[PDB]
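Shown next, in structure tokens, is the structure this report addresses.
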Amino acid sequence: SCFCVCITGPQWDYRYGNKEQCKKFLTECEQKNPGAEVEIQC
């Protein structure tokens, strides 16, 4: 099970899911938020 993160200033988003869902989360993070701080760990 993976943990992934998309931080945009004071809005902090997190997901717990499988690797496919966390890869999707980071792709969406990047499309919406080019400057986000990110993490994936599985």
Side-chain angles (χ1 to χ4, degrees), residues 2-23 25-27 29-31 33-40 42:
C2 303
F3 169 70
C4 47
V5 181
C6 182
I7 305 306
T8 54
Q11 182 184 280
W12 308 344
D13 284 6
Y14 306 91
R15 169 173 293 169
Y16 303 71
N18 68 19
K19 78 182 179 193
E20 289 71 37
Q21 294 163 332
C22 268
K23 290 170 182 177
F25 181 85
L26 281 205
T27 299
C29 179
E30 297 164 339
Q31 285 173 6
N33 310 292
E37 299 289 335
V38 300
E39 182 165 312
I40 296 177
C42 301

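The residues of the chain are indexed from 1 along the displayed sequence.
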Could you give the distance from [atom1] ([X]) to [atom2] ([Y]), rounded to the nearest 0.5 Å?
| X | Y | atom1 | atom2 | answer |
| --- | --- | --- | --- | --- |
| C29 | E37 | SG | CD | 9.5 Å |
| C22 | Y16 | SG | OH | 9.5 Å |
| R15 | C6 | CZ | SG | 10.0 Å |
| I40 | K19 | CD1 | NZ | 11.0 Å |
| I7 | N33 | CD1 | CG | 10.0 Å |

Tightest non-hydrogen contact, residues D13 and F25, listed as O-CZ, 3.6 Å

